[PDB]
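Right, one structure below, let's go through it.
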Amino acid sequence: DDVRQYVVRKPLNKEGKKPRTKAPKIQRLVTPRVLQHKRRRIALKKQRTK
RNA sequence: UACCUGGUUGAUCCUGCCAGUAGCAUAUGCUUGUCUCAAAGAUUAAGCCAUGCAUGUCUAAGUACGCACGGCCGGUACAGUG
């Protein structure tokens, strides 16, 4: 299950400022970039063996 | 530029040093218009030190929920600057 729909967002409201919400960047989140990095590492291993 | 000169005697020839002579380094005195370089708290005390400064550092690429700013949509995980 994804965790992006449970990140605690803090509401921001300041005197004279438009209100908004803030969420942190989720660490150790498996993302396509992470899998691509893992696959590139595996491909480098393949290339070295060959 | 491989150079000497005065001084021992009544006079002479010597040994011989003293004193002259030129540079170079520090100091000092007097004087000083232009211009280019340029040493400089070593010598005595590696003595003692008020104060300020002399060592900091971020890229697309470690960690950004500081509205501290801030949007080409804001249920956006993380826009961006930081």
Side-chain angles (χ1 to χ4, degrees):
Chain A
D1 178 17
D2 82 346
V3 287
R4 305 152 64 165
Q5 284 314 127
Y6 298 85
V7 217
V8 196
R9 309 187 56 96
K10 57 159 45 198
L12 291 188
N13 39 233
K14 204 188 161 178
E15 177 165 60
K17 291 289 185 294
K18 299 174 210 176
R20 59 165 88 217
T21 20
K22 264 209 165 183
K25 190 169 115 201
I26 294 187
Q27 287 302 317
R28 296 202 190 160
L29 181 53
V30 161
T31 50
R33 171 169 274 155
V34 162
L35 307 173
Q36 163 144 35
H37 279 155
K38 192 200 228 291
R39 278 183 339 240
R40 168 136 192 81
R41 173 152 54 258
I42 268 45
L44 286 179
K45 280 170 175 282
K46 290 168 173 179
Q47 282 170 29
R48 274 197 291 263
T49 309
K50 145 158 136 271

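Numbered from 1 within each chain, the chains take letters A, B, ... in sequence-line order. Just so it is clear, the values below take in all heavy atoms, side chains as well, and ignore hydrogens, waters and symmetry mates.
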Between [X] and [N], does any side-chain N or O lie under 4.0 Å from OP1 or OP2?
X       : N     : result
A/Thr21 : B/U76 : yes
A/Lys22 : B/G66 : yes
A/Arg20 : B/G70 : no
A/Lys25 : B/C65 : no
A/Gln5  : B/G75 : no
A/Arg9  : B/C78 : yes
A/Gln27 : B/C78 : no

With both distances required to be under 3.5 Å, indicate if [N] and [M] make a Watson-Crick or G-U pair.
N     : M     : answer
B/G33 : B/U81 : no
B/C17 : B/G80 : no
B/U5  : B/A19 : yes

I want to know if [N] and [M] are stacked - that is, whether their six-membered base rings have centres under 5.5 Å apart and planes under 30 degrees.
N     : M     : result
B/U26 : B/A27 : yes
B/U9  : B/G10 : no
B/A50 : B/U51 : yes
B/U43 : B/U44 : no
B/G7  : B/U8  : no

Contact class for A/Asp2 vs. all strands (heavy atom < 4.0 Å): base, sugar-phosphate, or nothing? nothing
Euclidean distance for [atom1], [N] against [M] (whole angstrom):
N     : M     : atom1 : result
B/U44 : B/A27 : P     : 15 Å
B/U26 : B/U5  : P     : 35 Å
B/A68 : B/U51 : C1'   : 36 Å
B/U21 : B/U1  : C1'   : 15 Å
B/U63 : B/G82 : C1'   : 14 Å
B/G80 : B/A60 : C1'   : 13 Å
B/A19 : B/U8  : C1'   : 14 Å
B/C69 : B/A61 : P     : 24 Å

Nearest whole angstrom, please: distance from the [atom2] of [N] to the [atom1] of [X].
X       : N     : atom1 : atom2 : answer
A/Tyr6  : B/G75 : OH    : P     : 19 Å
A/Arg40 : B/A61 : CZ    : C1'   : 15 Å
A/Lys17 : B/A68 : NZ    : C1'   : 9 Å
A/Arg33 : B/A61 : CZ    : P     : 12 Å
A/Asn13 : B/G70 : CG    : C1'   : 16 Å
A/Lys10 : B/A64 : NZ    : P     : 15 Å

So what's [N] doing, north or south, if we go by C1'-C2'-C3'-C4' (plus is north, minus is south)?
N     : value
B/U76 : south
B/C72 : south
B/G23 : north
B/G41 : south
B/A46 : south

Shortest non-hydrogen separation from [X] to [Y] and the atoms involved:
X       : Y       : result
A/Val7  : A/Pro24 : CG1-CD, 4.0 Å
A/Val34 : A/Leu29 : CG2-O, 4.1 Å
A/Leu12 : A/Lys22 : CD1-CG, 3.7 Å

If we call it a pair only when both distances are under 3.5 Å in a Watson-Crick or G-U wobble match, what pairs with B/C49? none
Pick one for B/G7: is it syn, with its angle within 90° of 0, or anti? anti
Assuming nearest nucleotide by heavy-atom distance, tell me which of A/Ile26 and A/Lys14 is located more 5' along RNA chain B. A/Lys14
Starting at [atom1] of [X], measure out to [atom2] of [Y] and round the result to the nearest 0.5 Å.
X       : Y       : atom1 : atom2 : answer
A/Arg33 : A/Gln36 : CZ    : CD    : 8.5 Å
A/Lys18 : A/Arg20 : NZ    : CZ    : 8.0 Å
A/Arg4  : A/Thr31 : CZ    : OG1   : 9.0 Å

What's the verdict on side chain to side chain contact (heavy atoms under 4.5 Å, CB included) for A/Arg40 and A/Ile42, showing C-alpha distance, side-chain angles and the deciding distance? CA-CA 5 Å; A/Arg40 168 136 192 81; A/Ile42 268 45; over 6 Å; no
